[PDB]
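Inspection log for the structure reproduced underneath, given as structure tokens.
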Amino acid sequence: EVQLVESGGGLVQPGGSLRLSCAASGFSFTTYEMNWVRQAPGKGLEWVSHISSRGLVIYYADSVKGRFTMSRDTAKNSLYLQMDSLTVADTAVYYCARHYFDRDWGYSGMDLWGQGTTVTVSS
Amino acid sequence: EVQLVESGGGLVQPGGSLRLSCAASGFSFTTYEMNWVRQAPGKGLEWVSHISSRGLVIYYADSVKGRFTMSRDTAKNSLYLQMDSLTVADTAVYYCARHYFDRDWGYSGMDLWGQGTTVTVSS
Amino acid sequence: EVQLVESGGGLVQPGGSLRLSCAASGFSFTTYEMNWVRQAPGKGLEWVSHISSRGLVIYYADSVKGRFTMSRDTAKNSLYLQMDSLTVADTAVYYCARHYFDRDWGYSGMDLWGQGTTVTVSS
Amino acid sequence: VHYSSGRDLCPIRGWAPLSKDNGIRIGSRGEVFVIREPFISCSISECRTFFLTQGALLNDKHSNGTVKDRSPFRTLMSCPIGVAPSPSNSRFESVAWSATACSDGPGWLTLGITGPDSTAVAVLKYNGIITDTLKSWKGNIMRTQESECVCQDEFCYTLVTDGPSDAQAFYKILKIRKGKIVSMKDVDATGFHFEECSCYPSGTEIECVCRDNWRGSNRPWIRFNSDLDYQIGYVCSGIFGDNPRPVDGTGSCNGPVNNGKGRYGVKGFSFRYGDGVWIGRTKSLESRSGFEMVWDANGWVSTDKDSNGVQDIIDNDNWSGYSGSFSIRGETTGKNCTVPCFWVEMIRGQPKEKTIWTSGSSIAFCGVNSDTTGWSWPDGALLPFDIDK
Amino acid sequence: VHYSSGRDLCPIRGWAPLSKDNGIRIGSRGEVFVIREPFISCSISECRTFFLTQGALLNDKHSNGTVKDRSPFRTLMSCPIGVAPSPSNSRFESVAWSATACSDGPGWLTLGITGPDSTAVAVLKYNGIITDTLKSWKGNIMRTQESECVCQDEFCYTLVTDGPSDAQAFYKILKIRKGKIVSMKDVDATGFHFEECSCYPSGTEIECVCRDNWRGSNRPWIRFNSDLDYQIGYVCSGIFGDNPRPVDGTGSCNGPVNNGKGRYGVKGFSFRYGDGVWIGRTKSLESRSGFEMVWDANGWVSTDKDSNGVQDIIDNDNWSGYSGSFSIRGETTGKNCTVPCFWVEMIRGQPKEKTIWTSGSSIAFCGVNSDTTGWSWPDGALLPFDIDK
Amino acid sequence: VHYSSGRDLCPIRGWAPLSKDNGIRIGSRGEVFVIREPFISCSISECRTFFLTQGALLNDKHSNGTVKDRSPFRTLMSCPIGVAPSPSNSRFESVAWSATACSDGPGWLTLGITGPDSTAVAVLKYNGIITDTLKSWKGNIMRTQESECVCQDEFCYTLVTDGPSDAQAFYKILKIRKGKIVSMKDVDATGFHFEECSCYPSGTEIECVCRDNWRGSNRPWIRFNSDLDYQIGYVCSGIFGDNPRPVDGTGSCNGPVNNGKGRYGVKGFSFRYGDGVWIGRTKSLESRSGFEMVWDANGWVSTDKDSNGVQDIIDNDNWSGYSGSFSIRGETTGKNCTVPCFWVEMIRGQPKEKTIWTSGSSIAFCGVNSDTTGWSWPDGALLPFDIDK
Amino acid sequence: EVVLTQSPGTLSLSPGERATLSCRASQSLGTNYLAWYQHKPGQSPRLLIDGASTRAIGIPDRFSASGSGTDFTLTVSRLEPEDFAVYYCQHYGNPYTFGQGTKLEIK
Ligand SMILES: *[C@@H]1O[C@H](CO)[C@@H](O)[C@H](O)[C@H]1NC(C)=O
Ligand SMILES: *[C@@H]1O[C@H](CO)[C@@H](O)[C@H](O)[C@H]1NC(C)=O
Ligand SMILES: *[C@@H]1O[C@H](CO)[C@@H](O)[C@H](O)[C@H]1NC(C)=O
Ligand SMILES: [Ca+2]
Ligand SMILES: [Ca+2]
Ligand SMILES: [Ca+2]
């Protein structure tokens, strides 16, 4: 029963901050690679961030650079996104997604997604 | 084909005595624990007596104490209840029931019941 | 495909003779015991003859003794019953039947029958 | 080192469990042969189980009507003690529908009978190399013990029967060395019937208890030495041993006691201790159900029905069958005496239950001079299987 | 060559993986027994896994209600290390529903208990030949370690329990040579409860850590020499080891610490190094889930809750069970130190999941004085099977 | 007797078939593991096949998605040559998702890596007893050859990689005696990439041909002696060996030749004979299909594309995979030359076909100086199986 | 002594919705020795729930029980017209007691 569950969405006045969490069950973070993806209202998907099986944070999108921090914790199997100084251009739905790196073929593709959480920024 | 069969019910004038028997098939009394239970007319169940898998008569209900003697016989796989000095308050249906004692978890619960026999006390 | 097939029936004037044969397939005569049985016109079955796996003719019915000779042949798996001095009381249907002798329990019973052949004696 | 002679049977107070197969419980999903008549024989380094297979697997289409014994497909095979008779565990021994086999310390001798009902032939092998053959002498089903033979001082001894199953038969003792027959003797026992003998070594002689299928409900015994001189008789107790049998009463040790239930029988055993006897017998008087071991302190010289202790092996609600005796010798254990042991067969299927096949499993016990207990060690399979529906 | 005496335990820093069965993953399509309580014992030439079978195969009709332990069908068998317990890989050892077995260098000693609840009997074999028997002395369920015994200088030592499971019991130490009992001693431990002891050799003595099912949430220990003189006590740390247990607090090494969660327990182990201790314990306080190894540098003389390093074996989301300790000796490795090792059982089925059966697999680790890592090695089966629907 | 040093490779003209498993053809109805990366290693008395199992059986529910390599369930096992990897034929060796193993005449050394992606640990065993451990030094996936190691004059040599798969990595040579590490050396190869090296003994040195996974389509080689002094380079021929590769052209033996198809690769091998070379390569430029053996008489000193004879092993319509090299030595055959041999893996399942699993079988050939032939020895399974529907 | 009080006294429901039966002790049980039995007139009782959580072998999936401390609850997810009986909670720890029962009839 492999699954992911998001938490932490809500409404924030501009300039604020939030802390989203993704909790996993059925597997371990010591072998798989994790991703934060988002969908804007009425727009297509956008890749936000990617972390490796080893802890290194390989990539951040240019729009969220300097304000977002991706981190994890393997003792509790949890993933965190700390976001600061929010803009009205960050209202969205967020998913945590999983994919793999093989040392013979390599980088299969995102085959497990969480149900997603909603965040809004307004007055 | 594990089963239990009761015998010995009937009508007794007050002050008399009876001897009920429960005959088992499919298993042995050298590993399982046995019980006499009863249902009054129009009332809920009442636990009467408990005997262990190695002879000790662990429990007798306060009401039947001093007048009821539980015993068994493993060579014939039979259980006996000798009841003496009957009261009008002993009209009932009697069942023999089986349960188990594990030395790692312990005392599962009564999962096999006999079909039951009827006894009446009146004039 | 264990089976038996009869042959040799027909019409014979009284005082004549015939030679009936039963051919077997699927098994051997070196382990099984064989029998000739008959059914008369409008009458129940009658046991005629019995031969043993060791080749000895154990039994002949009283009504047909001195006139009937049961024999076999294992190289061709065939059974023969030459009959002599026929009477009008020999019009019947004949079957060859098979049964077994076990050295622990013994003498199971006739479980395989041939389709049967017809013989008539008249003028 | 060869099994020597002169050592007596060990003092015993009870019987302790040795092995259990659980063969039909595993054959429900695994690959297990359809066997019957399993016996146990021990050598200087290991104990093995020999059995006769019908040539088919359990829970298969080919196991149809395997209640019949003589067929060109039976074979004699063997496996280690207490292990399921699988095609991956069994070692081929011989081609036969009747057989026996023992060891003389270093190696294995096997005897196996095959062929038609009237001209059967027994082949004798030593370590897999055919060394001798014998042919039927009375033109009737020729058969042997179906338990181990006794091999002492390099010589092995067997007993072989031929003739009718409900009248007088004819009996030979065979004395064999290193796989080939060196002597044989004709037993003259007018009024007796020996079948399926169980033999053990006592003193400087061989002691055997056999089965009577014509008119006896007690068991006959024979005793002989290396010159093939024999004493014969019946067990003299009033506690009868054969099934079917009459209620306990007055026995006799000069002739058979019929009392209405002599015809038919089962393979059994008794151990003699001076004047007393250990009798292995089933609990039911009509069927093959239950099994117990009875100790009778006058069982060899007196005809009374009283005993001195009973220990039970299988209760009255479960099926049993053949039983047999074997020995574990001082070259293995290291003592100055031979430890007696026995085994019991447990039959499932026809003719008593609703299936298309018949098979059996085994349990084995050995005697000890210390504290023991009595319980029930049944078969435990839940019939019928999938193929029976 | 026999396992001598005098060599101390060996200095370690961590634990390195040794073996994994993958037994329930293979039993989904292959032939694998339904086992439980698997332990590991090593001799001069090989290491073997002993286990107790219910007499049935996995994913079969006969595996129905195999949560119950005492039955006439359990047997003790053994297979090589790290191999699936198949009918084609296993060697029959004994008939028992409680058992233990060790080696004294050349050969194998086994002890197995069978019989009714009130008159159970333990049979002692050496290399497959029955050499001794013992009978219950208090008329209540008689039981033994379910892990290896310690055999040094040709003498083997075990501990045996008898009596109630929630009150005072009665305990014996048995000293055995070449398969037969030469001495035994009655342990007088008023106010204690020893069950399922795990024993290892230290110095010239034997060290055992046991389990309390009456009123303890820490673990009791016993130490004795070849004259059967004993010291007894409790583990003196405040980091409790039993299951269920309360939160960590103040410990005591003169008596049991209950704190409301003493009743019941699991088989466990601890290794003593001078003043410190290695404690093997599960991660959940109520269930049997997870497993970790804790190093406490004052764990044998101080009652504080502080520790000095934790390494984890199974994470908190997976099932565990029994655990035990064994040793690999200098006659095999060639050192002057004894290498300590442990094994963990992993239980699947009832009472916690929705099936008709209960089984277990195993993993095994050994201690090394070098760089190691911590990860998770769970069972990995995908329940329920086909028969459960 | 230990495998000495000084003997040169042996003169050959062609390759003769040695073994075939037929593993997936049997796993359709039998019990066969789901394996991958099978290699072959020989000792003084026998040749064995080592393989890495996913912990599941073929045609089962647990073989769902076995295209992924690193998991806590993989194990390293071994079976005799040419026999199906069954649970009843295989002997447990180690716990690992990357491994290697050789022999030094009398015994077996195994190395197996397990643990998380960032702190993996390699355990070194000699005859089943844990003797050493090593830990990752760069915090990235640490991996080894997946073919035999070379063991001469009691010392065994391996090469181990750590670091990125598409940039500069870091390499060590390990020198081991009787199971424990006695030395190691850091290879300084700025601008190179060694992975999955295949090694054989030549003269008084060890010769290895490796895999370039960063920008190379030819193969890099390393040569070293017992003091761990190394020479490095590339194969100097213009007949490229990696996969994928561009069309044949101008080669180079001072650096990698990319030509747009360097990234990625497969495990391969080449045998050096003075100035010439035997190159083992697949027939398709984009996929892993087919296999042939090419003889180039200037392949080690010249960069031309011309060759001097081709013999084919698998035709262009069938799947291949990894390939590797092993040796059979003069202590076994009795010559003064070392016989070179190779093996080929054949992969079925994902990512190229429509199933839920991935597995592989093997074939093995040895070199001879006599008349030979070229044919096709494919896998021959008929996919998909029952579980895939 | 543990006097097990079982509520509600009488329950009326239609076939298709969810039912809950509560069994509550007087002093806290020191264990999880509480079992649920089902009794239908003209038959011997039947074990439903064992150990206050584990379910007996061969019993449908609409039944599930739980609870702790002093409060225990049995729930039937979707009633079916054959599931109307009397339900008893029993404590086979110490001391031995039975409940008085809850009767489930048809609306
Ligand atoms: C057993 O054999 C009989 C006789 O050939 C046949 O009628 C019957 O169908 C068979 N039963 C099976 C194979 O189930
Ligand atoms: C398990 O056994 C019980 C009888 O003890 C039976 O009611 C149930 O159907 C069995 N389940 C199986 C064989 O699936
Ligand atoms: C394989 O596993 C996936 C879940 O990982 C599941 O959706 C799929 O149905 C499984 N297929 C089979 C045939 O087992
Ligand atoms: Ca008789
Ligand atoms: Ca406790
Ligand atoms: Ca490349």
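Chains as they are written, first to last, in the entry's author numbering: chain I, 1 to 123; chain K, 1 to 123; chain E, 1 to 123; chain A, 82 to 470; chain D, 82 to 470; chain C, 82 to 470; chain L, 1 to 107.
Idealized CB from N, CA, C, for every residue including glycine.
Just the chain A side, please: which residues come within less than 9 angstroms of residue i by C-beta, in chain order?
i                    : result
residue 28 (chain K) : 396, 456, 457
If you follow the alpha helix (DSSP H) that residue i is part of, which residue opens it and which one closes it?
i                     : result
residue 413 (chain A) : 411-414
residue 106 (chain C) : 104-107
Name the chain C residues that come within less than 9 angstroms of residue i, Cβ to Cβ?
i                     : result
residue 102 (chain I) : 148, 149, 150, 151
Interface residues of chain C around residue i at Cβ under 7 angstroms?
i                     : result
residue 53 (chain I)  : 198
residue 113 (chain I) : Per Cβ cutoff of 7 angstroms: no residues; residue 113 (chain I) is ~17 angstroms from chain C at best.
Express the C-alpha separation of residue j and residue i in angstroms, rounding to a whole number.
i                     : j                     : result
residue 114 (chain I) : residue 394 (chain D) : 28 angstroms
residue 70 (chain E)  : residue 99 (chain A)  : 55 angstroms
residue 32 (chain I)  : residue 53 (chain I)  : 5 angstroms
residue 199 (chain C) : residue 280 (chain C) : 27 angstroms
residue 294 (chain C) : residue 170 (chain A) : 49 angstroms
residue 229 (chain D) : residue 138 (chain C) : 32 angstroms
residue 18 (chain E)  : residue 82 (chain E)  : 6 angstroms
residue 16 (chain I)  : residue 85 (chain I)  : 5 angstroms
residue 52 (chain L)  : residue 69 (chain L)  : 11 angstroms
residue 119 (chain K) : residue 12 (chain K)  : 8 angstroms
Could you give the first and the last residue of the continuous beta strand (DSSP E) run that contains residue i?
i                     : result
residue 257 (chain D) : 251-258
residue 266 (chain A) : 261-268
residue 472 (chain A) : Outside the shown range of chain A (82 to 470) lies residue 472 (chain A), about which nothing can therefore be said.
residue 135 (chain A) : 128-138
residue 439 (chain C) : 439-449
Given that residue i touches chain D, what residues does it touch there, using C-beta distances under 7 angstroms?
i                     : result
residue 107 (chain A) : 138, 168
For residue i, return the contacting residues in chain A, with the cut-off set at a CB-CB distance below 7 angstroms.
i                     : result
residue 141 (chain D) : 109, 110
Using the beta-carbon of each residue, which ones in chain D are nearer than 9 angstroms to residue i?
i                     : result
residue 103 (chain A) : 134, 136, 137, 154, 156
List, in order along the chain, the chain K residues whose C-beta lies closer than 7 angstroms to that of residue i?
i                    : result
residue 45 (chain L) : 113
So residue i contacts chain D; which residues on that side make the cut at Cβ distance below 8 angstroms?
i                     : result
residue 102 (chain L) : None at all; the shortest Cβ gap to chain D is about 26 angstroms.
What residues in the stretch 155-189 of chain C have a beta carbon less than 7 angstroms from any beta carbon of chain D?
Listed in sequence order: 156, 168, 169, 173, 176.
Check distances from the C-beta atoms of the stretch 192-225 of chain C to those of chain I and list, in chain order, the residues that come in under 7 angstroms.
Those would be 197, 198, 199, 220, 221, 222, 224, in chain order.
Just by C-beta distance, which residues in the stretch 431-454 of chain A are closer than 8 angstroms to chain E?
432
Evaluate the contact criterion for the stretch 398-415 of chain A versus the stretch 112-121 of chain A: three or more CB pairs, one atom per stretch, below 8 angstroms.
For the pair of segments examined, the stretch 398-415 of chain A was found to touch the stretch 112-121 of chain A: the number of CB pairs separated by less than 8 angstroms reaches three.
Could you tell me whether the stretch 9-21 of chain L touches the stretch 326-338 of chain D, using the rule of 3 or more Cβ pairs below 8 angstroms?
no
Inspect the CB distances between the stretch 88-98 of chain E and the stretch 214-233 of chain A and report whether three or more fall short of 8 angstroms.
Under the Cβ criterion (8 angstroms, minimum of three pairs), the stretch 88-98 of chain E does not count as touching the stretch 214-233 of chain A.
Residues within the stretch 243-272 of chain C neighbouring chain I, beta-carbon criterion of under 8 angstroms:
246
Which residues, taken in chain order from the stretch 56-74 of chain L, show a beta carbon closer than 8 angstroms to some beta carbon of chain D?
57
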